[PDB]
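Protein chains in written order, with full-length UniProt numbering: chain A, 146, 159 to 198, 211 to 270, 281 to 303, 318 to 581, 609 to 724; chain B, 436 to 579; chain C, 629 to 772. Everything on this sheet refers to the single structure shown next.
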Amino acid sequence: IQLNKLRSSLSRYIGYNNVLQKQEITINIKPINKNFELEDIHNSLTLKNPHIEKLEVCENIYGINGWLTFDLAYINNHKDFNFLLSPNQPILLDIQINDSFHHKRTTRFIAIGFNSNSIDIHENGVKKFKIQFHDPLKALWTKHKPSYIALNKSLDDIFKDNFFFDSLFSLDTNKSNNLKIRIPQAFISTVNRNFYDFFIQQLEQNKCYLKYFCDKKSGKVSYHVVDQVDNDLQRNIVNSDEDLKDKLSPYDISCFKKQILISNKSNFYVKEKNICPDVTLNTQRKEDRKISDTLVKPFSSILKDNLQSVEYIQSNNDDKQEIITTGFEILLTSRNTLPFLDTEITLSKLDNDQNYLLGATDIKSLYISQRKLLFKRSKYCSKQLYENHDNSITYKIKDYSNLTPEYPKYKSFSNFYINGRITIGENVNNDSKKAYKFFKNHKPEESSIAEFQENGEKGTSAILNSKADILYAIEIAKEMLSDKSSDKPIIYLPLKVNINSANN
Amino acid sequence: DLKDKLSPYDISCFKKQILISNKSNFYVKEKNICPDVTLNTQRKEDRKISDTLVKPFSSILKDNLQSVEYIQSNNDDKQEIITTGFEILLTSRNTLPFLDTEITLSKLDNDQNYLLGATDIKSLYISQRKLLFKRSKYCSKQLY
Amino acid sequence: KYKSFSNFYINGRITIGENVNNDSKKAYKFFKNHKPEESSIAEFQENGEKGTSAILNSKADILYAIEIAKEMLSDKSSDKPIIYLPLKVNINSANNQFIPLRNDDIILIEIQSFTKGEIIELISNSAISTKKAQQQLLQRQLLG
């Protein structure tokens with residue numbers, strides 16, 4: 146040749174789409190043993218012409234969340250005991266989604292889901322099941338909470354100590370060269386929190402990326418941590434398909450349901466000032482923050498005063514952040530995996546020649562930062578199995621000039637207390653029994669309360685702001701190290717000079 | 436006339452069977468550290484589990500520290516690794532004929548496997564009840 | 629509905645006046661009534677204390693003069709930044725000593741609520757060593 162909603166009513170009944178001729182989705186379930194390897198169950214619990222009621226999959230750049238609901242029959246047999254009738258046993262989930270329009284496009288997910296204190300199975318001789326989804330670096334390291342002290346280890350040397358997983362996947366740390374700087378005193382503290390939150394909190398303060406990634410042929414999970422984006426990643430992020438076009442060719446406009454905005458590139462900011470309230474820092478105290486995005490005007494006479502707390506130490510500098518402005522986020526919806534685009538999360542570009550979005554006409558290339566997948570079993574196919609799927613896919617699209625890393629929510633930790641004994645050397649004479657000695661540079665070298673004394677102090681025998689870089693030697697217990705390091709437990713810490721004293 | 440063992444008037448009155456978690460077979464190694472100079476014994480000790488035939492994982496810890504007061508540090512908060520039990524949610528449409536659906540701390544035997552459950556399970560008990568009583572819609576308009 | 633706030637910390641320097649002689653270099657002076665007027669630890673001393681030289685409950689209305697940074701005022705006020713705060717008498721002392729807070733001492737200050745500020749820590753000294761702790765081992769006091 159108004160009434161496209163009646164197509165969607167028959168779609169939730171069964172199908173009625175175009176030009177989706179075939180859609181076979183599968184799940185391969187393999188158990189994970191004591192030593193974090195794979196057992197043998211065809212070697213799995215293959216799902217097919219749907220036994221699956223509902224699967225939710227959302228995924229960011231870094232990871233995958235989501236749930237699952239399928240059906241089996243019947244009770245009771247030994248083949249399904251160990252898998253789905255016990256908590257605290259990990260499970261691989263290999264999802265393979267094949268479509269055919281005429282050419283084929285394959286998406287593939289790998290995920291581990293296991294959870295203490297939760298099993299959900301329903302009845303009325319057909320038994321439902323409900324399983325969660327996480328990417329394997331999360332769900333393994335979620336139930337892992339160590340806390341120790343490492344000395345003279347760098348970050349790529351720290352994470353590879355705790356990475357007890359090589360028969361499943363691997364993580365690429367060979368491109369960063371910020372996570373290899375030797376830290377002299379590393380205090381790992383997952384006290385009241387996860388270790389995976391520690392994995393990301395020190396990843397945010399080095400400004401890195403993560404990528405979940407699978408090979409489609411065949412499944413090998415690999416995590417990537419690179420400080421920037423180059424062609425060294427994007428060699429390995431080639432979408433292993435053919436005829437992958439861009440620029441919203443007009444088969445896309447045939448397959449949409451909505452367009453939803455989130456906020457846009459604004460034109461006003463709030464003046465955010467920065468105060469270090471300190472006597473004896475004889476420079477400017479107030480300084481204004483710096484914005485990476487110009488052509489933006491401030492408001493008038495509205496402030497945000499971001500103070501810094503004052504320690505006994507000579508107060509540090511300066512936490513040079515930026516005023517985090519707003520970017521650009523379009524939510525889309527669909528009823529298909531889109532023909533003739535790259536709806537597969539690479540960190541690559543998608544051009545603009547058409548203005549069939551809200552968007553802005555002043556926008557360069559684009560990228561995709563999320564996907565969401567609701568797959569529901571069709572109600573006509575429900576009764577057929579009961580006697581003897610659907611689609612709704614969203615997207616996130618952002619400006620390529622605002623390419624910044626995204627991070628999940630985490631927990632800032634709480635402190636923990638250590639009792640500590642002070643020593644000086646090893647051979648202590650009985651006339652040098654209770655002496656004292658001061659240490660320069662994280663090594664047993666003598667120093668003094670002179671030599672640092674920033675000059676309003678040279679000068680007499682006074683200290684102002686109780687300067688750093690002067691360290692005691694403190695022995696601790698021998699059981700707050702790793703299980704393999706033959707070091708000697710000695711923590712160097714700066715002086716509170718006013719402990720056994722007064723202002724005299 | 437209070438019987439046990441799921442006599443087959445119970446099977447006539449059910450609506451669903453829902454599981455919560457089951458007796459597992461793996462635990463996480465949970466260690467215990469008192470970080471103190473001048474406690475000249477072992478510092479790390481492993482926690483103790485009341486339920487055997489359960490195997491640990493490999494190279495995953497949970498370090499449960501103790502804070503250090505000025506006092507001579509006490510000992511030892513001898514807890515246990517709280518493992519998982521066994522919880523079936525049922526549903527019904529009646530107060531059940533021929534059981535004890537009244538919360539005693541007594542036993543309910545097993546001769547039938549018409550639950551999910553496990554066949555390696557001895558007697559059972561009941562720890563909750565829930566009651567939704569709604570007025571029938573035919574009786575609504577009559578009083579109205 | 630609203631939010632009860634959280635505190636913030638200010639480093640603070642103590643002074644007395646403006647012209648400081650070199651025999652009055654590190655003296656101390658006490659202030660009555662939110663103005664530079666002299667006072668004493670007498671004159672207040674609610675009477676279970678007049679009496680000897682004891683203080684019970686460490687009475688208020690006796691204030692130090694504290695300079696702060698010049699950048700915690702408004703953008704138009706040509707005042708002089710001086711915050712008067714009451715005494716914790718037990719800072720440089722014990723239940724014996726009396727070492728008051730002289731000028732050119734640098735001090736952390738909480739502001740626990742509106743019109744409530746306190747004094748916690750000490751960030752200064754006046755008698756230290758300047759040698760490498762292999763030539764001299766000083767343990768000393770300056771006085772007055």
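By construction, the Cβ of each residue, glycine as well, lies at the ideal position given by its N, Cα and C atoms.
(Q) Run through the DSSP bridge pairs and tell me what A:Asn175 is partnered with. (A) A:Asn175 pairs with nothing; no bridge assigned.
Q | Outcome for A:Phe492 when other beta-carbon atoms lying within 10 angstroms are tallied against a minimum of 16 | A | A:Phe492 should be labelled exposed.
Q: Please state whether DSSP places A:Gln394 in a helix, a strand or coil.
A: Correct three-state label for A:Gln394: helix.
Q) DSSP three-state call for A:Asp349: helix, strand or coil? A) Three-state DSSP puts A:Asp349 in a helix.
Q: Pick out whichever of B:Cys469, B:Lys490 and B:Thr473 has its Cα sitting closest to the Cα of A:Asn192.
A: Among B:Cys469, B:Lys490 and B:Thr473, the Cα nearest to that of A:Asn192 belongs to B:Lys490.
**Q.** Minimum Cβ-Cβ distance from C:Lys759 to chain A less than 9 angstroms
**A.** Contact with chain A is found for C:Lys759, since one of that chain's Cβ atoms lies less than 9 angstroms from the residue's Cβ.
**Q.** Distance between A:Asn718 and C:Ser752 (C-alpha atoms, nearest Å)
**A.** Straight-line measurement puts the Cα of A:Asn718 at about 8 angstroms from the Cα of C:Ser752.
Q: Answer with yes or no whether the minimum CB distance from A:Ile669 to chain C is below 9 angstroms.
A: Contact of A:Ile669 with chain C is assigned, a C-beta pair being separated by under 9 angstroms.
(Q) If we define contact as Cβ-Cβ less than 9 angstroms, is A:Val503 a contact residue for chain B? (A) Taking a beta-carbon distance threshold of 9 angstroms, A:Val503 does not count as an interface residue toward chain B.
Q.
Please state whether the Cβ-Cβ distance between A:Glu522 and A:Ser485 is less than 9 angstroms.
A. Not a contact, by the Cβ cut-off of 9 angstroms.
**Q.** B:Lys483 versus B:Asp512: straight-line alpha-carbon distance, rounded
**A.** Looking at the two C-alpha atoms, the distance is approximately 12 angstroms.
**Q.** Nearest residue (CA-CA) to A:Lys654, options C:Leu771, C:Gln769 and C:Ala761
**A.** When only C-alpha atoms are compared, the closest one is C:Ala761.
(Q) Classify B:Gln452: buried if its beta carbon has 16 or more other beta carbons within 10 angstroms, exposed otherwise. (A) Per the 10 Å Cβ criterion, buried.
Q: Would you mind stating whether A:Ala697 and B:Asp471 have Cβ atoms separated by less than 9 angstroms?
A: When the beta-carbon positions are compared, A:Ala697 and B:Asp471 come within less than 9 angstroms of each other.
Q | Closest by C-alpha distance to C:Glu671, when choosing among C:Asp689, C:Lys663 and C:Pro664 | A | Closest by alpha carbon: C:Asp689.
**Q.** Touching by the beta-carbon criterion (3+ pairs, under 8 angstroms), the region 286–300 of chain A and the region 218–225 of chain A
**A.** These segments do not touch.
Q.
Considering only the alpha carbon of each residue, which of A:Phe449, A:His282 and A:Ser667 lies closest to A:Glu435?
A. Measuring from the Cα of A:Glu435, the nearest candidate turns out to be A:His282.
**Q.** Selection from A:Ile430, A:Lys687, A:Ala722 and A:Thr238 that minimises the alpha carbon distance to A:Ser508
**A.** Answer by Cα proximity: A:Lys687.
Q) Between A:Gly679 and C:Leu750, what straight-line distance do the alpha-carbon atoms span, to the nearest angstrom? A) In this structure, the straight-line span from the alpha carbon of A:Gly679 to that of C:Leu750 is close to 21 angstroms.
Q. Are three or more beta carbon pairs between the region 351–369 of chain A and the region 523–543 of chain B nearer than 8 angstroms?
A. Using a C-beta cut-off of 8 angstroms, the region 351–369 of chain A makes no contact with the region 523–543 of chain B, since fewer than three inter-stretch Cβ pairs fall below that distance.
Q. Within 10 angstroms of its Cβ, does B:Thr539 collect 16 or more other Cβ (buried), or is it exposed?
A. Exposed, since its Cβ has fewer than 16 Cβ neighbours within 10 Å.
Q | Three or more C-beta pairs below 8 angstroms linking the region 396–408 of chain A and the region 450–470 of chain A | A | For the pair of segments examined, the region 396–408 of chain A was found not to touch the region 450–470 of chain A: the number of CB pairs separated by less than 8 angstroms stays below three.
Q: Under 7 angstroms between beta-carbons, which chain B residues line up against A:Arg386? List them in chain order, please.
A: By Cβ distance, chain B contributes nothing, its closest Cβ being about 12 angstroms from A:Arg386, past 7 angstroms.
(Q) 9 angstroms is my cut-off, CB to CB: does C:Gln769 come that close to chain E? (A) Note that chain E does not occur in the displayed structure, where the protein chains are A, B and C.
Q.
Determine, for A:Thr476, whether the minimum Cβ-Cβ distance to residues of chain C falls below 9 angstroms.
A. Interface flag for A:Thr476 against chain C is unset, since no Cβ pair is found closer than 9 angstroms.
(Q) Assess contact between the region 625–639 of chain A and the region 662–671 of chain A, defined as three or more Cβ pairs (one per stretch) separated by less than 8 angstroms. Is contact present? (A) Contact annotation: the region 625–639 of chain A does not touch the region 662–671 of chain A, with fewer than three C-beta pairs closer than 8 angstroms.
Q) Which whole-angstrom value is the C-beta distance of A:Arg287 and A:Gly412, which I expect to be below 8 angstroms? A) The Cβ separation is near 6 angstroms, so the contact holds.
Q: Compare the C-beta of A:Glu646 with all C-beta atoms of chain B and state if any pair is closer than 9 angstroms.
A: For A:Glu646, the answer is no, since every Cβ of chain B falls outside 9 angstroms of its Cβ.
Q) Mind checking whether A:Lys320 and A:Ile300 have CB atoms under 9 angstroms apart? A) Taking 9 angstroms as the Cβ cut-off, A:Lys320 and A:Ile300 qualify as a contacting pair.
Q | C:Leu713 burial status per 10 Å Cβ neighbour count (16 or more: buried) | A | So C:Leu713 ends up on the buried side.
Q.
Does the CB of B:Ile516 have a neighbour CB from chain A at under 9 angstroms?
A. Under the 9 angstroms criterion on CB atoms, B:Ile516 is classed as non-interfacial with respect to chain A.
Q) In terms of residues, what are the limits of the alpha helix (DSSP H) holding B:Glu480? A) It is not in any alpha helix (DSSP H) - B:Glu480 instead sits in the beta strand (DSSP E) that spans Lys479 to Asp481.
Q. Can the beta-carbon of A:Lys466 be found closer than 9 angstroms to that of A:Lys450?
A. No. Outside cutoff.
Q) In three-state terms, what does DSSP make of B:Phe492? A) Note: B:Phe492 maps to strand in three-state DSSP.
Q. Using a beta-carbon distance below 9 angstroms, is B:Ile538 in contact with chain A?
A. Not an interface residue.
Q) With a cut-off of 9 angstroms, does the C-beta of A:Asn399 fall near any C-beta of chain C? A) Closer than 9 angstroms: no.
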